[PDB]
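This document starts with one chain, in the form deposited in one PDB entry, laid out as structure tokens.
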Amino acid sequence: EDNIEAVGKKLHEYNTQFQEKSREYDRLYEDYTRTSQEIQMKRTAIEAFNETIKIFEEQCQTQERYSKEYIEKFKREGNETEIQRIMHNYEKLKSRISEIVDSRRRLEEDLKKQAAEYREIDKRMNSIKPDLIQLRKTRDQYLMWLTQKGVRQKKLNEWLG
């Protein structure tokens, strides 16, 4: 189908293209691995927000049960002062929950943008694989054709990169 030096040169070209797409694949697979590790970290962080918030809500439940007695025990004894203190303290607990919640939401928004990044990477990995696979094979067929033609290993070594 061709002559040897022309086949050997094209082997060098196809090999060079193979090494380059192979490196590019490796770049993506690395982003894949990292991004996967990060997403999982964010997911567990979202769980920690949730457990934290849960804790604040038990504190609220505790405040409503426990306080009751002490608001009615202070009303009779004229301590609308002590009652005020408990309720403003309580009001301070509540505003803090809203902050924690606001942070939880920032995270979920970040996890959202990153889940999508993960899918674009996997999509780009998937659009490359065909060429990668095709290049490996074409390269291997040129090596074969040259081996059968009796080309020595030294020549095949120069051409491979």
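Shifts are known only where both forms have a C-alpha. For clarity, a rigid core is taken as the largest C-alpha set superposing within 1.5 Å between two forms. The first residue of the shown sequence is 1; numbering continues from there.
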Comparing 126 to 134 with 66 to 74, the one whose average Cα B-factor in the PDB entry is higher: 66 to 74
Residue of maximum C-alpha B factor among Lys94, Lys42, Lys113, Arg104, per deposited coordinates: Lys113
Options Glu99, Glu57, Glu51, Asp26 - largest CA temperature factor per the record: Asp26
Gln19 - which third its CA temperature factor falls in, relative to the rest of the chain: highest
Third of chain Cα B-factors occupied by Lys10: middle
Assigned third (lowest, middle, highest) for the C-alpha B factor of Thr147: lowest
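The form deposited in another entry exists for this protein as well; it is not shown, and the discussion that follows is about that form.
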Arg85 C-alpha moves between this form and the one not shown by 2 Å or more, core aligned: no
Segments displaced between this form and the one not shown (3 or more residues, each Cα shift of 2 Å or more, core-superposed): 73 to 80
